[PDB]
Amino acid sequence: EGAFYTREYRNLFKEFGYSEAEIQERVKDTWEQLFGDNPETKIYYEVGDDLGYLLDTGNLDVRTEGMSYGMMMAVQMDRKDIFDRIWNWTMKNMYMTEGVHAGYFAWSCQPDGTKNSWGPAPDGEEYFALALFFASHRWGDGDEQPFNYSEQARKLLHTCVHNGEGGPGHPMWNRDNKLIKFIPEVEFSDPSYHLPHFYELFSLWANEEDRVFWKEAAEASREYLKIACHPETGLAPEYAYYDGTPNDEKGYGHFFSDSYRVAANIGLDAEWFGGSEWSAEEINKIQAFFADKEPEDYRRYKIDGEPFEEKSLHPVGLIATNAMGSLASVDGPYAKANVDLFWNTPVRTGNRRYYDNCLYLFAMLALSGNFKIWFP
């Protein structure tokens, strides 16, 4: 039974022989390297006395993906000051009050706050919402907006499901199949975007009129992942049609950057809401596929396993996600090897560190039993 029921979180590092002391030190060090004053590795930048943001070092922009990640990270680390700085920046510079996407958040902004687009990224919206629910539960709803956390979360999720009824907007979930979409105006998805465990919680805290829908979304996402992941390799494409097959129209139909998060999501869902036969077997397939492969040689692969000449742009993130997946198969034949590989992998430096490091800290929290559900 998941931690949702027991309220006890598995410390996989510890179960695999690591000392509690070293684990505690490592988790804190990972945090400082990302949010502290460590230019070579940090991804979080403070601005003034009330603003802050995560920088996509590789594209020199601020993404809701990063901001939502930063907020989730801050609440897990019980750092309201960081959470508030980031959320404040998001509402001030990313929240859109105009255009067909009003009510959502511009997916990419320049460091000075200027919007690069008026299009949103659904995976950011879903992270903002849960992060906000957790903030409300850990610290309580702030008196002045937009710090009225739970109200902002329910408000945002309302838009995500009902947008397009009272106007020209589009919902972020297809109302018929209950599946999250790549972006509001398309009818296809992105496997890494599916977070059944997040929806389960939304089915408890979102507006009551949508609680049934969210329970249905969680179930729909679990089924979706079964058809999206290759049956032999376990690899999922970055983009995929609702039918499950890859959408390679623009080159996103293979196993690359986006895809890595699938294994992490499966792991966290298993820890929160319980393991499943499918999840364990899925992780065993992915890890098995990488068992005879060296990090320095990780490539972009077709989901059937065929290798491209191109190397993985974020091999450290891949390592972190495969390790985090071990939560869905603690007795798997490669579980220990993956956790050890991650432990022996340093936080990344360079202009491509952003994505790797985000996946890195999430894996560190989850594997140490510190990526928890915060109840009212």
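Numbering starts at 1 and runs along the sequence shown.
- Note on 49-57 vs 310-318: mean CA B-factor is higher in 49-57.
- Judged by mean Cα B factor in the deposited record, 161-169 ranks above the other of 194-202 and 161-169.
- Note on the listed residues 124, 234, 253, 111: the highest Cα temperature factor in the record is that of 111.
- For residue 261, the recorded CA B-factor ranks within the lowest third of the chain. Only modelled residues enter the ranking.
- Residue 16: CA B factor in the highest third of modelled residues in this chain (values from the PDB entry).
- Among all modelled residues in this chain, the alpha-carbon of residue 339 has a temperature factor (C-alpha) in the middle third.
- Residue 346: CA B factor lies in the middle third for its chain, per the PDB record.
- Ranked within its chain, residue 34 lands in the middle third, by CA B factor from the PDB record.
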